[PDB]
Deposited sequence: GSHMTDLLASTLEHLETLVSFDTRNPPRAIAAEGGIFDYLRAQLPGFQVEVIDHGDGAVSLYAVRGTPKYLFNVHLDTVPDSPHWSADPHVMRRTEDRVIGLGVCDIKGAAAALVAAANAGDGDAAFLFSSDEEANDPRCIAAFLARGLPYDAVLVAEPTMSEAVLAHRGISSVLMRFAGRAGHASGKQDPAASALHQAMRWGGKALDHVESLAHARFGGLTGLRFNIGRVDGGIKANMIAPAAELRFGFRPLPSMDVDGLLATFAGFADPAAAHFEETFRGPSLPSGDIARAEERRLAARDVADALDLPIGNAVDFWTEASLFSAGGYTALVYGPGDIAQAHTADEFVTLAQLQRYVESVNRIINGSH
């Protein structure tokens, strides 16, 4: 099954995918490349490209006097391991397309561009390029401009359903150092004791709940230290993260985790922190969530369940905007070899945003 709108989405997507926007290394320039392309695909829009430096670039486009803002990040995660073909050459099958970023989240960008070219309805787009890694600058810079919008829809794969809430996120780098001057002699033994305490604590929060989400997702994703079995390891590196539910005290959680290290870790560095969606006290979280639900209803979008993954909708929400996450595709395909998004998902999403933008 094909439609002109879907055909156009696929054409734009093929081009978008061909642009290397992997982050890291986030070698994205304001001039040339993907942004020069988008500049020529937004008829009737007032367009501005802002270079925030080091690959953090934004394209803000406005046509008419839209009440809603669509934000879509253009960077993708790195490719491989195991891609069966060039990640930057979109492939197509009977029911889906394959390519780096087709699911997260260039598919949404392609659909929005298709809609922009299928009618001249009011619309506002904010294409950023730094969502996938550290040192983000785009959204923070945009928020500082204080531009009014009734709501902001941030694109991420949500199976084309409006998501109103999601967990926050924290990533931490820890380094343990042996104390020759002793049960703390080994950095690995220290890491082991720390880990036990951390996991036990996570278990104690298992009953916390929010919109179907339960407990605290916690993960020790990397441990590296030592040389040989019987040689005492003087150093050990450990990286962990957790995804708080809205209203959880993240500052307190981080300090609690840090305090489990005895002696103190030689290094304890939170490399990234993202707020939950919505964020704040439970009362604020529910009020904000309901405001987002009302917007989804107004735009006739099916409401999906809260998700565990993080998105920048959290930033807009913390900034005072009613915000929701909405995009084609399944998060299951995000950051996977031969990443794909179904034509069905692409069609549903493009028809929806075209309706919002150009529909009667």
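Residues of the deposited sequence that lack C-alpha coordinates fall in the stretches 1-2, 184-189, 369.
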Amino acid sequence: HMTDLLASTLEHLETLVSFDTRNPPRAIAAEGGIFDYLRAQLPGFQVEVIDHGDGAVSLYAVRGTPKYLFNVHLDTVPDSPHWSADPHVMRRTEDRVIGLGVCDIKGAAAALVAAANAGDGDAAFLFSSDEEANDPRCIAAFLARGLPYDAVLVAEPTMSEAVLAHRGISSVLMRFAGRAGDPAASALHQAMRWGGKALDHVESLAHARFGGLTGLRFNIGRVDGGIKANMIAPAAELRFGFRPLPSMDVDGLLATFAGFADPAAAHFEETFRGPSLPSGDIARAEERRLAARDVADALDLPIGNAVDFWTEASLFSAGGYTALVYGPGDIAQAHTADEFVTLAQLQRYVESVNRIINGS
From here on, numbers count along this sequence of modelled residues.
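Judged by mean Cα B factor in the deposited record, 88-96 ranks above the other of 250-258 and 88-96.
Here the stretch with the larger average CA B-factor, out of 284-292 and 148-156, is 284-292. Of the candidates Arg193, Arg179, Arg175, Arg217, it is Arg179 whose Cα B-factor is highest according to the PDB record. Of the candidates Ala318, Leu69, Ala29, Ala323, the deposited coordinates give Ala29 the top C-alpha B factor. When the modelled residues of the chain are ordered by C-alpha B-factor, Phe45 sits in the highest third. Ranked against the other modelled residues of its chain, the C-alpha B-factor of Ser129 as given in the entry falls in the lowest third.
In this PDB entry, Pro302 carries a Cα temperature factor that places it within the highest third of its chain's modelled residues.
For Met2, the recorded CA temperature factor ranks within the highest third of the chain's modelled residues. In the PDB entry, a CA B factor belonging to the highest third of its chain's modelled residues is recorded for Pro183.
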